[PDB]
Amino acid sequence: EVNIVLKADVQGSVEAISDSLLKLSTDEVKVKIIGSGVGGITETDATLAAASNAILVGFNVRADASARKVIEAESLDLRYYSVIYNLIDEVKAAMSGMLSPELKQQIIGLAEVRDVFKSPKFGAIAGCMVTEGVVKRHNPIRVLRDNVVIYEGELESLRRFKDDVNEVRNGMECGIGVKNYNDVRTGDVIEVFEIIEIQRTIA
RNA sequence: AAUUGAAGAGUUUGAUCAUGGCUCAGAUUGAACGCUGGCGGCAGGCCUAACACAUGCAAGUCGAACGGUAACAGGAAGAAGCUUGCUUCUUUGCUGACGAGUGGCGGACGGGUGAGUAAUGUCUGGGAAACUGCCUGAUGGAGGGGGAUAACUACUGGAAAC
RNA sequence: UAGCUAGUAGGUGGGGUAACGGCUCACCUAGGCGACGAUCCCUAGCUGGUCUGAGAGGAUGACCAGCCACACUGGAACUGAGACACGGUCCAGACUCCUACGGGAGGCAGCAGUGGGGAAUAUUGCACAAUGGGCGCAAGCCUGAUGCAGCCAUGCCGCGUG
RNA sequence: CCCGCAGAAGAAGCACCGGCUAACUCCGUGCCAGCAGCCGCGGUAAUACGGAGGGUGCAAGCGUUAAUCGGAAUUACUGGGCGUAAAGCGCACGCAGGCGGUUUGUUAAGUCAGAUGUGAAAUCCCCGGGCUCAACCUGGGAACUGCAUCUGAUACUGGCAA
RNA sequence: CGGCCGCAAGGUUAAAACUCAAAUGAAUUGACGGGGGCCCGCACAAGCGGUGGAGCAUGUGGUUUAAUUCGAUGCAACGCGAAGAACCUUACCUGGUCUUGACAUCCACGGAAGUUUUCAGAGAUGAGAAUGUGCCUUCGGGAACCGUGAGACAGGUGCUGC
RNA sequence: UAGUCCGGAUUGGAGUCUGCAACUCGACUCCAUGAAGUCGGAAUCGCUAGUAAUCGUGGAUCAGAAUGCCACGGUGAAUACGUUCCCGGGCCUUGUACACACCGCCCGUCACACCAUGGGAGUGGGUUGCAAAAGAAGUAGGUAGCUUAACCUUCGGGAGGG
RNA sequence: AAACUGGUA
RNA sequence: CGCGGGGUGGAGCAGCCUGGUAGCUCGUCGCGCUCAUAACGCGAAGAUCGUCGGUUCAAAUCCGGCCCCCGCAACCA
RNA sequence: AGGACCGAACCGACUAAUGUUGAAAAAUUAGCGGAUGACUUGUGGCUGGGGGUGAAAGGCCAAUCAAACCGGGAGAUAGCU
RNA sequence: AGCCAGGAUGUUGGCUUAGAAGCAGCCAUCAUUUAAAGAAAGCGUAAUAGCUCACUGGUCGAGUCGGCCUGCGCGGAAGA
RNA sequence: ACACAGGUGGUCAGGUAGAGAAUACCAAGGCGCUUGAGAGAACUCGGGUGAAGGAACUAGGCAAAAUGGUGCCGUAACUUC
RNA sequence: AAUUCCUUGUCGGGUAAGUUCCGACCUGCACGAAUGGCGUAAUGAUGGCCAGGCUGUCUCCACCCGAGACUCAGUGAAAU
RNA sequence: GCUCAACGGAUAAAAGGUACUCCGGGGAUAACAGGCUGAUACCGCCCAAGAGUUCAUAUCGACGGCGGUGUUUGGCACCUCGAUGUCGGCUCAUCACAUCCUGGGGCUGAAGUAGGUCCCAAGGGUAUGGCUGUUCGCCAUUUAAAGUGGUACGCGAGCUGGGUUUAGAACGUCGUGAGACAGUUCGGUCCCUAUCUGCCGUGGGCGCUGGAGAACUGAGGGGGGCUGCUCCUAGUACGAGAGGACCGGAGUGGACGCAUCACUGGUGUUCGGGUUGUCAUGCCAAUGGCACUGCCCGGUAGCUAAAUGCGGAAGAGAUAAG
Ligand SMILES: [Mg+2]
Ligand SMILES: [Mg+2]
Ligand SMILES: [Mg+2]
Ligand SMILES: [Mg+2]
Ligand SMILES: [Mg+2]
Ligand SMILES: [Mg+2]
Ligand SMILES: [Mg+2]
Ligand SMILES: [Mg+2]
Ligand SMILES: [Mg+2]
Ligand SMILES: [Mg+2]
Ligand SMILES: [Mg+2]
Ligand SMILES: [Mg+2]
Ligand SMILES: [Mg+2]
Ligand SMILES: [Mg+2]
Ligand SMILES: [Mg+2]
Ligand SMILES: [Mg+2]
Ligand SMILES: [Mg+2]
Ligand SMILES: [Mg+2]
Ligand SMILES: [Mg+2]
Ligand SMILES: [Mg+2]
Ligand SMILES: [Mg+2]
Ligand SMILES: [Mg+2]
Ligand SMILES: [Mg+2]
Ligand SMILES: [Mg+2]
Ligand SMILES: [Mg+2]
Ligand SMILES: [Mg+2]
Ligand SMILES: [Mg+2]
Ligand SMILES: [Mg+2]
Ligand SMILES: [Mg+2]
Ligand SMILES: [Mg+2]
Ligand SMILES: [Mg+2]
Ligand SMILES: [Mg+2]
Ligand SMILES: [Mg+2]
Ligand SMILES: [Mg+2]
Ligand SMILES: [Mg+2]
Ligand SMILES: [Mg+2]
Ligand SMILES: [Mg+2]
Ligand SMILES: [Mg+2]
Ligand SMILES: [Mg+2]
Ligand SMILES: [Mg+2]
Ligand SMILES: [Mg+2]
Ligand SMILES: [Mg+2]
Ligand SMILES: [Mg+2]
Ligand SMILES: [Mg+2]
Ligand SMILES: [Mg+2]
Ligand SMILES: [Mg+2]
Ligand SMILES: [Mg+2]
Ligand SMILES: [Mg+2]
Ligand SMILES: [Mg+2]
Ligand SMILES: [Mg+2]
Ligand SMILES: [Mg+2]
Ligand SMILES: [Mg+2]
Ligand SMILES: [Mg+2]
Ligand SMILES: [Mg+2]
Ligand SMILES: [Mg+2]
Ligand SMILES: [Mg+2]
Ligand SMILES: [Mg+2]
Ligand SMILES: [Mg+2]
Ligand SMILES: [Mg+2]
Ligand SMILES: [Mg+2]
Ligand SMILES: [Mg+2]
Ligand SMILES: [Mg+2]
Ligand SMILES: [Mg+2]
Ligand SMILES: [Mg+2]
Ligand SMILES: [Mg+2]
Ligand SMILES: [Mg+2]
Ligand SMILES: [Mg+2]
Ligand SMILES: [Mg+2]
Ligand SMILES: [Mg+2]
Ligand SMILES: [Mg+2]
Ligand SMILES: [Mg+2]
Ligand SMILES: [Mg+2]
Ligand SMILES: [Mg+2]
Ligand SMILES: [Mg+2]
Ligand SMILES: [Mg+2]
Ligand SMILES: [Mg+2]
Ligand SMILES: [Mg+2]
Ligand SMILES: [Mg+2]
Ligand SMILES: [Mg+2]
Ligand SMILES: [Mg+2]
Ligand SMILES: [Mg+2]
Ligand SMILES: [Mg+2]
Ligand SMILES: [Mg+2]
Ligand SMILES: [Mg+2]
Ligand SMILES: [Mg+2]
Ligand SMILES: [Mg+2]
Ligand SMILES: [Mg+2]
Ligand SMILES: [Mg+2]
Ligand SMILES: [Mg+2]
Ligand SMILES: [Mg+2]
Ligand SMILES: [Mg+2]
Ligand SMILES: [Mg+2]
Ligand SMILES: [Mg+2]
Ligand SMILES: [Mg+2]
Ligand SMILES: [Mg+2]
Ligand SMILES: [Mg+2]
Ligand SMILES: [Mg+2]
Ligand SMILES: [Mg+2]
Ligand SMILES: [Mg+2]
């Protein structure tokens with residue numbers, strides 16, 4: 001929800017801008033005008049915009065001293081425009097910004113378990129051979145045993161022989177330590193991936 | 001004539017008496033809100049932001065203090081196209097008056113507010129070392145001179161204010 | 001909140017005010033206030049009165065009347081009998097407005113009225129006919145004081161809805 | 001303010017009904033929905049919730065909320081308490097402070113008596129008068145319980161002397 | 001929290017927000033006590049015979065079933081209601097039937113009651129043939145009883161033993 | 001002196017009998033088979049005299065049904081020293097924070113939710129003490145600079161003002 | 001010798 | 001190829017110089033005790049001695065193989 | 001009074017620059033610490049090497065110290081260059 | 001292979017359609033009329049239309065089309 | 001090792017200013033340091049000044065710059081007072 | 001944390017931006033009580049961080065004063 | 001009679017530390033750098049299921065395949081152990097193009113503006129800070145852009161010394177201990193006068209055919225080449241609107257470079273003045289020396305930046321992609 005507190009100089013302007021803003025309401029995100037009025041921005045308008053995280057917009061009006069008191073004390077998003085199209089552009093920008101970042105995954109590593117070992121803190125650690133890609137320190141992982149998901153989490157411990165490492169490229173041996181992954185069995189595959197964003201926008 | 005003045009109840013316990021709190025019945029208000037609403041008389045009406053203000057009005061008056069004709073309500077002279085003796089038009093302060101100016105009185109009253117002030121203010125009761133426009137009583141003067149300035153004219157700076 | 005005060009308390013002389021006075025200076029003394037509450041901190045205009053109560057007391061100071069303080073904020077003085085002056089002056093400050101960008105103006109806590117705040121509180125009205133003030137010999141002019149009217153069941157009282 | 005025409009025509013609502021507290025039945029619901037100042041009602045026969053009928057109270061008003069006093073002798077001066085309900089310091093010595101045996105004299109401070117002055121008006125109260133009654137307005141009185149000065153009393157308290 | 005005191009532990013002075021309708025003292029009656037005293041019962045002790053072990057009868061719980069009808073549940077339910085479930089009893093299950101009805105009562109019409117057999121069908125049940133057509137009888141009918149029809153009704157071993 | 005001439009369940013075959021009806025689901029009889037069971041754990045029950053123990057007979061319900069219920073008789077014991085205790089009950093007294101009356105009441109940590117509150121490195125404001133800098137306007141004091149219509153003058157200038 | 005506890009209204 | 005002890009029922013356990021009916025603690029299913037629960041008591045199911053080969057009426061106790069666990073060595077991923 | 005304070009002589013050596021075939025085999029310039037004390041200094045004496053001394057750094061013992069210097073075993077040995 | 005012509009619609013198939021008869025989209029995945037035509041491959045038209053592909057008629061006229069095996073070349077080919 | 005910017009104990013110690021044996025200029029006294037003369041370039045060393053900005057420099061305010069005396073007034077948290 | 005690998009752990013403060021610093025959290029790889037634990041006024045040519053002043057440290061160097069460097073005369077090295 | 005099992009059997013009889021170290025050797029053997037290689041990494045290409053509403057190839061692209069570079073992580077041990085100084089920073093650079101900006105084009109799922117992808121192009125240009133030793137990285141805030149790599153991971157006989165491999169000390173951890181950690185923490189000597197090559201400047205000799213003084217031509221070489229914003233065209237083309245051009249002109253900036261002191265300033269120990277202490281010129285007065293030019297205030301010329309003038313071009317020829 002995008003909350004708007006709209007005050008304009010003329011009632012015709014108020015009633016035109018309200019419907020112009022309502023027309024562009026998308027299913028994913030909507031816009032509500034909690035307050036709509038004619039005249040300068042008042043302390044009541046400031047309080048109403050403080051209650052809900054609203055954008056306090058004045059079409060051809062300016063805040064008085066009393067309203068500016070609350071505006072200074074609590075920092076709200078006060079906006080002054082002179083063109084309905086500028087106001088609509090800003091509202092569309094806010095609506096688009098409110099959207100989700102579109103989390104997506106892609107495989108960047110692959111290892112096969114061999115020669116299970118033991119550890120005091122993490123319990124049973126897996127001695128993996130990286131077959132393709134790269135495996136990083138703290139990235140989400142998926143354990144597959146015969147192409148069926150067994151474990152979902154994040155790679156916690158990654159060292160070689162004796163030294164902790166941040167990454168291991170394909171072709172080297174590595175040790176993977178996940179305390180909750182206690183059913184370590186030879187032949188298991190581990191997929192490593194990261195998270196990518198596309199940052200959708202309304203259109 | 002002016003002193004005709006004083007009520008209790010519910011609630012702790014199985015029940016009782018105490019102690020002790022809470023609650024209610026009364027009166028009152030610069031009240032607000034809900035439902036409803038015919039008339040009249042008297043009174044009251046920003047208690048919060050001593051927060052900010054568009055616009056109009058709320059302190060003027062004296063020509064019987066004095067220079068004056070900027071309005072113009074009269075009159076007279078004169079010059080004139082003449083209604084043919086009655087009109088008109090420039091001077092003229094004689095004039096009923098009077099914009100602007102000097103001068104006198106008033107603007108310290110009336111009106112508004114409760115910020116500040118814990119006594120440097122207020123209430124009560126006293127005092128001595130004081131002034132007092134206008135209003136009133138009494139006793140006495142009110143003689144003779146001088147130099148300026150506003151207004152008004154001639155220039156000049158100004159968008160305005162000046 | 002237990003200690004507070006150096007012009008501080010007293011005296012001589014000068015100065016100053018309408019008037020007494022550390023009111024102000026020079027000098028001399030070390031004094032003065034405080035447990036009967038000094039100093040410090042919080043709150044608040046005071047009274048006649050109003051409410052309540054049998055009374056004593058408790059709460060309160062809205063209207064009317066008396067006194068005090070203030071006039072956008074801070075400061076100063078002039079004029080005047082009387083001001084350290086609500087609709088005066090000068091300086092400084094915050095804010096607002098006009099500008100030809102050279103430069104200027106402003107003070108509703110006066111009566112109406114507007115924005116804002118709030119649960120909440122009215123007409124941008126008529127007249128100087130009466131009373132009372134300012135000027136004037138008077139006539140007369142001015143007077144949002146005042147007299148009236150408009151809005152509100154806000155209160156008290158009276159009548160009707162047969 | 002008086003007169004004339006017509007016509008019951010234009011004019012009644014709010015709260016409450018278990019006890020406190022004046023006023024009872026039915027239906028719906030079934031610890032749900034709801035009520036509630038206090039005690040507290042509602043878990044299938046509710047005088048306590050919702051509706052209807054009936055009744056009680058007030059009336060151009062009625063009810064709710066806010067605030068003060070009263071009831072509250074529940075800050076007890078009038079007018080309370082501390083063995084066990086709250087409440088005697090663990091005990092003692094002692095400054096300031098409070099109180100103090102008996103005889104006389106004196107003072108006259110406390111105390112009491114009389115007089116004078118004062119205690120604004122309005123408001124409160126008593127007797128009257130005017131708005132068609134009332135509210136309201138208004139004449140006189142009383143009160144304004146206080147404060148100051150003067151003149152006296154000397155029982156008691158205080159001071160001085162013995 | 002602040003102040004003072006103490007090496008420390010801590011001591012002394014001493015609140016507010018918030019929450020409840022109570023908290024509390026003395027005493028009365030009852031109950032209870034791993035308090036005391038006295039007394040009684042096949043209560044214990046001293047004995048006999050048992051149950052709990054095995055087979056069987058019966059009831060109950062549980063389970064299953066179309067139904068396994070409904071009750072009764074520590075002592076004080078469990079050979080209990082039940083002093084007699086193969087039909088009935090018997091409500092419960094599945095099927096087949098009826099709607100003023102199996103039973104009471106009001107009304108109309110028709111028909112003696114009853115005794116004999118036959119078709120279909122598990123039966124109930126429908127569907128025929130028979131036989132019979134008597135007492136009172138005011139000669140339009142009643143009383144004993146049968147069939148059909150309408151409406152008031154009849155009916156419930158359905159729930160609440162709080 | 002044994003799983004037996006004890007023990008009788010189960011089971012097969014064959015029969016008697018009530019009743020419309022013995023298969024779900026009756027009683028009795030004849031032949032055959034002959035399980036478990038050789039005195040029974042924790043625990044628990046009745047009985048003090050014709051009692052217990054054991055042995056037969058009858059009745060109700062009922063067409064047909066008992067090891068159940070009710071009822072009659074034959075044979076016929078052991079042990080009770082005593083109230084020290086389990087259970088229950090009665091009376092007197094005592095303690096109680098109990099009164100849905102000990103199957104009462106009631107405490108604290110810990111897990112969850114909400115409300116207010118203390119400490120807290122810091123952050124943002126208001127007021128104010130002390131020590132300094134700062135000096136608009138105004139008032140007062142002092143003035144070799146400039147300027148000046150009222151008074152004086154020797155007419156050159158003085159006094160005084162700005 | 002030991003001898004706990006008792007949902008709410 | 002790495003230093004010792006082991007392996008009894010669902011879990012933990014007794015039989016060692018003593019090779020003779022598989023027993024005891026805790027768990028599961030019952031019964032009793034109590035108004036009821038806990039506690040407590042009485043009972044039942046439950047087994048190649050970790051797994052095989054020599055020895056032997058016999059079974060880790062006399063031995064020899066296989067498998068598993070643990071004291072450390074067990075690297076350390 | 002003080003293993004008190006500031007600060008010269010005096011005793012040190014924290015920073016920087018220079019120098020690094022130096023003026024010097026550790027110094028110069030500018031700063032810096034202590035400066036009545038566990039202080040500093042002159043003269044003389046004692047402790048001798050698997051030993052001494054050490055408010056401890058494996059520090060010092062004549063420009064040399066995880067075992068001083070001089071002479072000898074000695075032409076030690078060197079699977080090494 | 002060019003050029004001169006046909007090269008269409010039985011039938012807006014149902015439907016959509018700015019104005020869709022093959023071409024902006026679905027079902028339909030068939031067949032006559034026919035020298036010759038697929039209810040159609042596409043530019044194009046505010047859909048047809050205009051203009052085109054397959055097939056065939058005429059003019060022109062002798063070569064033309066696509067595979068296989070082979071020799072030598074071309075691109076793929078950026079570094080201090 | 002040098003006619004070496006180093007080290008070396010004691011005694012005397014004047015004037016002006018100054019607390020002073022610090023520091024500055026002088027007296028008595030002693031010295032100009034055993035290669036010079038020119039020029040007035042990069043670069044190095046030792047110094048002075050610097051518009052506006054003022055740590056942005058750097059591992060780091062290194063180095064520089066800055067403060068600096070006597071008298072009087074005044075002075076916080078904390079504290080073993 | 002003079003102790004924490006993961007690690008620039010998370011939150012708050014400071015900045016404009018803070019792997020450093022200060023205050024907390026506790027998941028203490030791998031604190032801990034005379035190999036002392038936790039505090040602590042004063043002290044320190046001790047380690048870390050911040051602020052005022054100050055500045056050629058720096059943006060970005062410029063000019064000037066002396067000693068060398070350069071030229072002339074005398075003497076006259078060194079590593080390799 | 002020996003698990004002399006290290007099994008041709010050094011003793012009957014035997015473990016460690018050295019960062020306090022020392023000697024003799026080795027590039028017969030590692031760490032830095034070079035060399036070979038190219039598994040890995042980076043870049044390119046082949047096929048095309050599929051995504052893209054329809055549509056493989058606007059943009060991506062599964063399962064698979066083929067190459068280039070020398071460029072990361074690796075392999076080898078060929079050079080250097082009678083010495084090739086190692087990370088980061090400063091100063092100074094130079095090359096490649098697989099192009100970050102600027103320039104020219106094709107395609108687009110390119111209406112305009114703004115974008116995506118590919119081709120040609122190396123002339124010029126290509127950030128300051130906060131934190132960390134930090135190259136990198138995150139963050140703040142700019143720019144037209146804040147390019148990727150080679151050069152002994154360019155550059156210590158140019159500088160630094162923060163990290164890191166000496167000696168001191170401590171924490172955690174391991175060890176009985178000496179001690180150790182590729183864990184942390186505080187402190188800790190950076191030498192060289194340039195012979196040759198090279199480079200930046202400046203001279204002498206001879207030659208060029210009689211000698212000498214001048215002015216030239218120009219084979220050849222070097223320097224330079226960057227770019228923002230505002231206005232007009234024009235609120236026009238394009239679009240429903242919002243918004244908003246190509247092409248072509250003008251003006252004013254940033255960085256960089258050259259020149260020059262007319263101006264604004266710095267310096268100006270060679271000019272004038274003020275002033276503290278002290279000494280001297282016989283003394284007063286007036287002067288001089290010393291104390292950083294004693295301290296300080298101004299300031300001529302010259303040199304200078306912060307000051308003010310100019311520059312990068314237009315044009316022509318032959319071309320790359322097209
Ligand atoms: Mg007027
Ligand atoms: Mg006039
Ligand atoms: Mg007044
Ligand atoms: Mg005097
Ligand atoms: Mg006085
Ligand atoms: Mg009372
Ligand atoms: Mg009061
Ligand atoms: Mg005056
Ligand atoms: Mg006035
Ligand atoms: Mg006004
Ligand atoms: Mg007003
Ligand atoms: Mg409002
Ligand atoms: Mg009334
Ligand atoms: Mg009643
Ligand atoms: Mg009901
Ligand atoms: Mg009272
Ligand atoms: Mg009391
Ligand atoms: Mg006592
Ligand atoms: Mg006493
Ligand atoms: Mg007495
Ligand atoms: Mg008296
Ligand atoms: Mg009357
Ligand atoms: Mg009266
Ligand atoms: Mg009065
Ligand atoms: Mg007396
Ligand atoms: Mg305290
Ligand atoms: Mg008996
Ligand atoms: Mg017994
Ligand atoms: Mg039995
Ligand atoms: Mg029932
Ligand atoms: Mg039953
Ligand atoms: Mg039941
Ligand atoms: Mg039946
Ligand atoms: Mg009952
Ligand atoms: Mg038999
Ligand atoms: Mg037997
Ligand atoms: Mg029978
Ligand atoms: Mg009895
Ligand atoms: Mg209990
Ligand atoms: Mg707090
Ligand atoms: Mg002044
Ligand atoms: Mg419990
Ligand atoms: Mg000392
Ligand atoms: Mg010192
Ligand atoms: Mg040192
Ligand atoms: Mg020195
Ligand atoms: Mg010291
Ligand atoms: Mg050591
Ligand atoms: Mg030595
Ligand atoms: Mg030795
Ligand atoms: Mg020998
Ligand atoms: Mg030899
Ligand atoms: Mg050898
Ligand atoms: Mg080829
Ligand atoms: Mg010499
Ligand atoms: Mg010497
Ligand atoms: Mg000496
Ligand atoms: Mg020089
Ligand atoms: Mg220099
Ligand atoms: Mg300097
Ligand atoms: Mg100078
Ligand atoms: Mg500067
Ligand atoms: Mg400056
Ligand atoms: Mg500064
Ligand atoms: Mg930097
Ligand atoms: Mg320094
Ligand atoms: Mg300095
Ligand atoms: Mg770390
Ligand atoms: Mg900083
Ligand atoms: Mg910290
Ligand atoms: Mg430790
Ligand atoms: Mg210990
Ligand atoms: Mg030389
Ligand atoms: Mg020479
Ligand atoms: Mg030589
Ligand atoms: Mg061998
Ligand atoms: Mg060490
Ligand atoms: Mg060696
Ligand atoms: Mg080699
Ligand atoms: Mg190498
Ligand atoms: Mg390599
Ligand atoms: Mg080899
Ligand atoms: Mg090499
Ligand atoms: Mg060599
Ligand atoms: Mg290219
Ligand atoms: Mg060119
Ligand atoms: Mg390098
Ligand atoms: Mg490089
Ligand atoms: Mg080099
Ligand atoms: Mg380097
Ligand atoms: Mg270092
Ligand atoms: Mg070039
Ligand atoms: Mg010049
Ligand atoms: Mg100058
Ligand atoms: Mg000079
Ligand atoms: Mg002199
Ligand atoms: Mg001299
Ligand atoms: Mg000298
Ligand atoms: Mg060109």
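Below, all heavy atoms of this structure are taken into account, side chains as well, without hydrogens, waters or symmetry copies. So that the names make sense, note that chain A is the first sequence line, chain B the second, and so on, each numbered from 1.
- The separation of I:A74 from M:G156, taken at their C1' atoms, amounts to 49 Å, rounded to a whole angstrom.
- A close approach under 4.0 Å does not occur between any side-chain nitrogen or oxygen of A:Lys121 and OP1 or OP2 of L:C29.
- Residue pairs meeting the side-chain hydrogen bond (donor to acceptor under 3.5 Å, both in side chains) criterion with at least one member in residues 65-81 of chain A, sequence neighbours excluded, are A:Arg79-A:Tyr81.
- Within 3.5 Å, no donor on the side chain of A:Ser66 pairs with an acceptor on the base of B:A52, nor the reverse.
- Expressed to the nearest 0.5 Å, how far OH of A:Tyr181 lies from CD1 of A:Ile190 amounts to 6.0 Å.
- Looking at the side chain of A:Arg159, the nearest of the listed nucleotides C:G117, H:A77, L:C6 is H:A77.
- For residues 15-41 of chain A, the set of pairs meeting the side-chain hydrogen bond (donor to acceptor under 3.5 Å, both in side chains) definition, not counting sequence neighbours, comprises A:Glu28-A:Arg200.
- Rounding to whole angstrom units, CG of residue A:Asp164 and P of L:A30 are separated by 14 Å.
- Remark: the separation of the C1' atoms in M:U80 and M:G124 is 44 Å, to the nearest Å.
- Among the atoms of the strands shown, only primed sugar atoms or phosphate atoms (P, OP1, OP2) are found under 4.0 Å from some heavy atom of A:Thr44.
- For the pair A:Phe117 CZ and H:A77 P, the computed distance is 5 Å after rounding to whole Å.
- In this structure, A:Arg160 reaches the sugar-phosphate backbone alone: every heavy-atom distance under 4.0 Å involves primed, P, OP1 or OP2 atoms, never a base.
- Taking atom CG of A:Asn166 as the reference point, atom P of M:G137 lies 15 Å away to the nearest angstrom.
- Contact annotation: A:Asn170 side-chain N/O to M:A41 OP1/OP2 distance is under 4.0 Å.
- Look at NE2 on A:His138: it is 11 Å from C1' on L:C5, rounded to the nearest Å.
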